[PDB]
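Chemist: Show me how the following folds:
(9 chains, ligands or ions: 5)
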Amino acid sequence: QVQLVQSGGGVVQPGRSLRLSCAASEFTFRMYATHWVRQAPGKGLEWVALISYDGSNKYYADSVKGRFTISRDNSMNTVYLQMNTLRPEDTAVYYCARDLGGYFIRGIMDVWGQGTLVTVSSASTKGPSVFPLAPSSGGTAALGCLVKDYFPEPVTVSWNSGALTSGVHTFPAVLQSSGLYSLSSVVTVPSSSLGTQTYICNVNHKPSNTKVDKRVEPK
Amino acid sequence: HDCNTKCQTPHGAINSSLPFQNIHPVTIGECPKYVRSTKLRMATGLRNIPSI
Amino acid sequence: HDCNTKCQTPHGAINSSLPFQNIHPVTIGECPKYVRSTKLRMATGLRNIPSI
Amino acid sequence: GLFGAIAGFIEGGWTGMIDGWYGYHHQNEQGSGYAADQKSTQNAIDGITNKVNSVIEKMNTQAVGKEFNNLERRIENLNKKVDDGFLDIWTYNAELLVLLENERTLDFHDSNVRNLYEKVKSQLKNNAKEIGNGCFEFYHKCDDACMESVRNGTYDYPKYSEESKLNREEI
Amino acid sequence: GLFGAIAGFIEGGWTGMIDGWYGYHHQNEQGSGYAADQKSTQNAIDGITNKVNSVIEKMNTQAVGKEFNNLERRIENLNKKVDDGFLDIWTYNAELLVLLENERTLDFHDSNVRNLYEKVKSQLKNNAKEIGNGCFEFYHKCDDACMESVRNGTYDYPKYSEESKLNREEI
Amino acid sequence: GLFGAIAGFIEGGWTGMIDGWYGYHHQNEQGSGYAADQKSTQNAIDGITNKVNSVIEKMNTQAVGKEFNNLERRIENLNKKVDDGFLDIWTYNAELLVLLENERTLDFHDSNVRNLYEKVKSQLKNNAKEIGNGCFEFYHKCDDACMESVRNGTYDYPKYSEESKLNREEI
Amino acid sequence: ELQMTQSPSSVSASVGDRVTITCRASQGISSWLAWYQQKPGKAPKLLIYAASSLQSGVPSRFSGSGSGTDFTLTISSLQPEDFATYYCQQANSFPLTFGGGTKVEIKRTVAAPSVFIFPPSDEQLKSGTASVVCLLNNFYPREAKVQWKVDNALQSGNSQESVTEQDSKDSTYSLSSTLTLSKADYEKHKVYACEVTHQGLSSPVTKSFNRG
Amino acid sequence: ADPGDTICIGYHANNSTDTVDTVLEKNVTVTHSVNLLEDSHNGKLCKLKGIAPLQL
Amino acid sequence: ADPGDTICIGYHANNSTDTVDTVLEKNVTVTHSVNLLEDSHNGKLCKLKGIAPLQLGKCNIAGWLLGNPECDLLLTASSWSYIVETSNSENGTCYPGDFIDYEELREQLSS
Ligand SMILES: *[C@@H]1O[C@H](CO)[C@@H](O[C@@H]2O[C@H](CO)[C@@H](O)[C@H](O)[C@H]2NC(C)=O)[C@H](O)[C@H]1NC(C)=O
Ligand SMILES: *[C@@H]1O[C@H](CO)[C@@H](O)[C@H](O)[C@H]1NC(C)=O
Ligand SMILES: *[C@@H]1O[C@H](CO)[C@@H](O)[C@H](O)[C@H]1NC(C)=O
Ligand SMILES: *[C@@H]1O[C@H](CO)[C@@H](O)[C@H](O)[C@H]1NC(C)=O
Ligand SMILES: *[C@@H]1O[C@H](CO)[C@@H](O)[C@H](O)[C@H]1NC(C)=O
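Modeler: Residues are numbered from 1 along each chain as shown, chains lettered A, B, ... in the order given. Ligands and ions are numbered 1, 2, ... in the order given. The coordinates are given below.
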């Protein structure tokens, strides 16, 4: 049944505008109202807006109102969220959800979209800095890789391209006041096979087409 | 012309989600099924009786 | 193999009385009609409500 | 469903009623029992079997793979166009004919139940009250002979009418 | 229609009932209001959407115009025979599948209404009389709490039964 | 059938009712007569004629025998495959469209009857009792003018209500 | 200004346990309350609407109750697939409002943190800033508590840590605190250590390095 | 009253988990049903009228 | 009595003028309906996957591939989303004769 395919997420600058999409795979969608809900990174869900099946009405949060316009194109079987006066506090992943009742609004959200990430910041796209985290002692030692100062959306890390996922830990990104993003990925590796065996982390930064390669070894 | 469509017929482009069209049997792209009808409307609601 | 059937398809023999099969469109013998479905089950009984 | 009896005003089925699809539960002095309405179950069975046979009896006869050379691409596409064309028709027919008749059958059964309940209400009139969930509480004394008279539809109404009048007036 | 409620024993609709397809109008001491039966409207909505999806979900895939020379008149007529043959089938299917389901949907809604009216009659029994046009005049005093108890189907029948007995006897 | 009136709670038809499909038999002081319900018979007639026209109005246009030589065996088999393919579809459609609509029509008529009987019960309320087989025994005196008032649906209920109250209490 | 509050903010539970979350609304919202389930990085699922109506896909383990101002969701026998965050939501009036979320987490045996220390790589020193990384690896429950001590001086507002989720294989956590200094303030000191207290450890544990 | 004997009307229920689709509804559990669709084969090529195929 | 409070049961009505056909009846006004039939186009030939069609103009497949001198607008053609022949497409073989299996070639070209 209904898949809602979301569209139009992206990196944007405060003030400048963005439009979101929610396209339903199934004809009957045009008989239901549609919610937009969002979720600031690491934070709770926040209701944003609704539009009835015709577009008749049309409801907004207070967080946003006179900055966001919800619209609907029933022939194209899609729903739109237009976002104008964007502000760093509007950064979030955005979900559209079909309403349980419409034709009769019930205010409950029963089918959800995958969600689309929107980042409001005044910061240039930047390729990550990578650093070694050198192992030395302990019990059966551990090593990692610091991926500092990047922008924006997400990075991905993997060990020996994927020739080891045994005990890999990638920590959530952190947004420091520079506006950049830091994180690190680590692994405990069996035995003191460090002064012998090769280990390489590969950071893939999509929203910049950077692929970095970090061989890591001790002192 | 310099327009974009996901469905094209010799009379013109169709920009629509409906399951049926009566525009033309020949289509290129993702199009609704051609039928000869002039009306295919499905009731969803009830008989509308706004008063006595 | 050294088996017997009254209906044969390139995937294997069908040994059945049902009116439909979704095994293969090509058959030799007396076979059920091929359709693309994965389910054609007809109610004969009532809605089964074994308790409150 | 359509006639609001099954999963409707009669809230559930009886796993204890082995002998049929529709029937009666009785409680008197002598005890408790189930009994199928043999006649309506029978009418149903015949109805349903006939339905099933019609859908199937219809369907009949036809694929014989062909080959074409490199300069016969048009008749090859036509052959495929034909094969796929019929295959979708026959698939649609079948799937939808089944969706339609399933809907109708569950409504048929629903109707049968409502109609059975109404056949009783009809006989008993004001000699018993309706207490919901398809149950009839008797204003009079109904032994095993009297219950059988309800189920075979030959209930003597005035026989117990006078005993039932005086019970509605007081308690 | 088939169940004689819509445009039947309930003569018309309520332009004042925004929240649903079926529901209740109440009059007590506290005032007047409308309320949708959220549950049956919901069942209807789901039923109808499912119907719509089935008719459509079915339909799928196929035209690619061909040319023939002056000595290929037979395969040309066959190609046209094929194209027209499927086009009429698919046209008939579609038009008639819609005529059929429209008929059934309006009857569905009709049934839902009748069934809603019967669910109430069932609860209230002789604590209120039927005054026609799908209206129930109470033999007792029914405040806002008592009305809500009807709509959510949890009406306490004996609670008001004694007050209602003495009102049928006299006025 | 589905609505348990025809061959149901009303056990048989009236060979004496020439003027319509549904109607009324009356017995008063002045005598006995039949009368058709012109309006519901009319609604039925229109409904049924429309149904018949739709099934038929749909169907339209098409066979033109072809020949093939000894080296054209593949296009010959395709031509036959096409001809037989459509012939079975059109045969199935027709036979089953008729089986379906016959089923529905007999249920339509059944519904019309039940609905007519309910329209009366509705008017008369407790001024007359139901005595089965679709019959209403009057608690009051109903002359030819009073019968006409039932059939045209404009029966004055309270007019005879007081005379009918005192007849239920005693005899 | 409707305000939905959820209680508690976390619960840890064994599979099979009966978990019960509450949600309170600042004013009366009749019985118009819904519950959603959200696993991390996926969309929410609807569970219950109208205080207590179970949504069609949903296992009957789930059960809502309450009216007016106080509402509870009960999971009768926590299954493995039930560990997620649960949000309530009022559907009485617009704007619509979500409670703040209750995370329900797996409860495994106590596991102590394997702790490691990480000097700023000499490449990073060239950029201008120095980052020291403390690693607390595979511990249960969520607990520590790291203290960056530099020559026995304690730090505040110059470290940030972030935590992983319950590991899908063994239900553990990992944690890393990073100390961000300037290259010059990194020079001023020689001994760098982080101290961990966790309940799997009786005495606080220290890993330290000497710059050089 | 006085005894208040009861008769009730009801329908069959059993431990069937067979489900059908109707137009208004999916996965309806029913007391009895018939499968119209064959989906099993024996994965081999066999004789017909007791004559073996020709394997080229 | 005494107050005689009333509850009634009813159905939605609105200011919809949408009408459907059922088998028993035509032009039934209903509260809500869905159109299943598209009948609008924009009267133009447009791009598909953002690639313009090939407009053969006065030429036809034959004049195009052969290189009829009226088809010089086509000499640099390389990609397209589909091929358009207009009902003015007359320029094909200029020197007269049979184009053998031409119809088959058209078929080959339509993929
Ligand atoms: C291209 O097509 C045009 C149109 O058919 C050709 O011009 C015609 O030629 C005929 C026969 O010689 C003349 O009688 C007409 O005067 C022309 N008609 C028009 C409308 O111009 C032309 O020959 C073709 N050119 C080539 C190179 O094939
Ligand atoms: C028609 O569809 C295309 C994309 O398929 C789009 O570019 C164009 O704007 C659409 N029409 C409307 C009215 O939005
Ligand atoms: C399958 O059919 C043939 C006869 O048609 C028979 O010899 C064989 O035993 C059948 N299969 C079973 C399971 O009996
Ligand atoms: C019906 O059951 C099947 C079982 O495979 C499942 O895929 C599907 O989700 C069910 N459909 C609905 C509407 O519950
Ligand atoms: C239905 O409406 C159309 C509107 O164009 C009209 O042509 C037709 O006469 C109507 N049909 C009937 C039976 O009233």
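
Chemist: what helix or strand is the residue nearest to the spatial centre of chain D on?
Modeler: Nearest to the geometric centre of chain D sits residue D:109, at 1.6 Å (CA atoms, centre = their mean). Applying DSSP states H and E as the criterion places residue D:109 in helix D:73-124.

Chemist: That helix vs helix F:73-124, what angle?
Modeler: Between helix D:73-124 and helix F:73-124, the angle comes out at 20 degrees (axes from the mean of the first three to the mean of the last three CA atoms, to 10 degrees).

Chemist: from the middle of its chain, how far away would helix D:73-124 be?
Modeler: In terms of CA atoms, centre = their mean, to the nearest Å, the centre of helix D:73-124 is set 17 Å apart from its chain centre.

Chemist: That helix and chain I in contact?
Modeler: Yes - contact of helix D:73-124 with chain I (CB under 8 Å from any CB of the partner chain) involves D:73-74, D:77. No exception for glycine: its C-beta is placed from N, CA and C like everyone else's.

Chemist: wait, does that helix make contact with chain A?
Modeler: No - Helix D:73-124 stays out of contact with chain A when judged by CB under 8 Å from any CB, the minimum separation being 15.7 Å.

Chemist: What's the first helix or strand after that helix?
Modeler: Taking DSSP H and E, what comes next after helix D:73-124 is strand D:128-130.

Chemist: What's the separation between the residue in chain D that chain A sits nearest to and residue G:110?
Modeler: Here chain D gets closest to chain A at one residue, residue D:99, 15.7 Å apart by CB to the nearest CB. Counting by CB to CB, to the nearest Å, the separation of residue D:99 from residue G:110 is 56 Å.

Chemist: Would you mind telling me which of those two has more residues around it?
Modeler: A direct count of neighbours by other CB atoms under 10 Å in any protein chain shown for residue D:99 and residue G:110 places residue D:99 higher, at 21 against 13.

Chemist: can you list the domain ranges for chain G.
Modeler: Following curated CATH domains, one finds the domains of chain G at G:1-107, G:108-212.

Chemist: would you list those in JSON lines and tack on distance to residue E:120?
Modeler: What follows is those, written out as JSON lines (distance: least, CB to CB, whole Å):
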{"stretch": "domain G:1-107", "distance to residue E:120": "20"}
{"stretch": "domain G:108-212", "distance to residue E:120": "51"}
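
Chemist: nearest to chain H, of those?
Modeler: domain G:1-107 (10.0 Å).

Chemist: does chain A sit close to the closest one?
Modeler: Yes - residues of domain G:1-107 contacting chain A under CB under 8 Å from any CB: G:32, G:34, G:36, G:38, G:43-46, G:49, G:55, G:87, G:89, G:91-92, G:94-101.

Chemist: Can you name the residue of chain H nearest chain D?
Modeler: Per CB to the nearest CB, residue H:13 is where chain H lies closest to chain D, at 2.7 Å.

Chemist: out of everything not next to it in sequence, what's closest to that residue?
Modeler: Once flanking residues are discounted, residue H:13 sits nearest to residue D:13: 2.7 Å by CB to CB, 6 or more residues apart in numbering or on different chains.

Chemist: Up against chain E, what does chain G have?
Modeler: Counting by CB under 8 Å from any CB, chain G comes close to chain E at residue G:50.

Chemist: CA atoms only: put the top strand by length along chain H into PDB for me.
Modeler: Looking across chain H with DSSP state E, the single longest strand is strand H:6-11. Extracted as PDB, the C-alpha positions of strand H:6-11 are listed here (Å, rounded to 0.1, in the frame of the first residue of the first chain):
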ATOM      1  CA  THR H   6     -33.600 -18.500  26.200                       C
ATOM      2  CA  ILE H   7     -33.200 -19.400  22.500                       C
ATOM      3  CA  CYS H   8     -30.400 -17.700  20.500                       C
ATOM      4  CA  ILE H   9     -29.400 -17.500  16.800                       C
ATOM      5  CA  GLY H  10     -25.800 -17.900  15.700                       C
ATOM      6  CA  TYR H  11     -23.200 -19.000  13.200                       C
END
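
Chemist: ok, back up a step: now, which of the residues of domain G:1-107 next to chain A lie close to ligand 2?
Modeler: Here nothing survives when the residues of domain G:1-107 next to chain A are matched to ligand 2 using CB under 6 Å from any ligand atom.

Chemist: In contact with the residue nearest to residue H:13, which residues?
Modeler: Taking CB atoms under 8 Å, 6 or more residues apart in numbering or on different chains as the criterion, residue D:13 is in contact with C:46-50, D:6, H:10-13, H:31.

Chemist: Try it again at 7 Å.
Modeler: C:48-50, H:10-13 (CB atoms under 7 Å, 6 or more residues apart in numbering or on different chains).

Chemist: Residue A:45 now?
Modeler: Counting by CB under 7 Å, 6+ apart, residue A:45 touches A:37, A:39, G:44, G:87, G:98.

Chemist: ok, 10 Å please
Modeler: Residue A:45 is in contact with A:37-39, A:92, A:95, A:109, G:36, G:38, G:44, G:85, G:87, G:89, G:97-101, counting by CB atoms under 10 Å, 6 or more residues apart in numbering or on different chains.

Chemist: In helices, which of these appear?
Modeler: The helices in this structure, assigned by DSSP state H, contain none of those.

Chemist: Spatially central residue in chain B, please.
Modeler: Central residue of chain B (CA atoms, centre = their mean): residue B:21, 3.8 Å from the mean position.

Chemist: can you pull up the bridge partners for that one?
Modeler: residue B:34, residue I:38 (DSSP bridges).

Chemist: for it, what are its contacts?
Modeler: The contact partners of residue B:21, by CB under 10 Å, 6+ apart, come to B:7, B:9, B:14, B:27, B:31-35, B:37, I:36-41.

Chemist: Give me the distance between it and residue I:92.
Modeler: 32 Å.

Chemist: do the same with residue D:94
Modeler: 47 Å.

Chemist: between those two, who's got more neighbours?
Modeler: Neighbours around residue D:94 and residue I:92, counted as other CB under 10 Å, are more numerous at residue D:94. The numbers are 21 against 18.

Chemist: quick one on the thing from earlier: now list the buried members of the contacts of residue B:21.
Modeler: Those of the contacts of residue B:21 that meet the buried threshold are B:7, B:9, B:14, B:27, B:31-35, B:37, I:36-38, I:41, by 16 or more other CB atoms under 10 Å in any protein chain shown.
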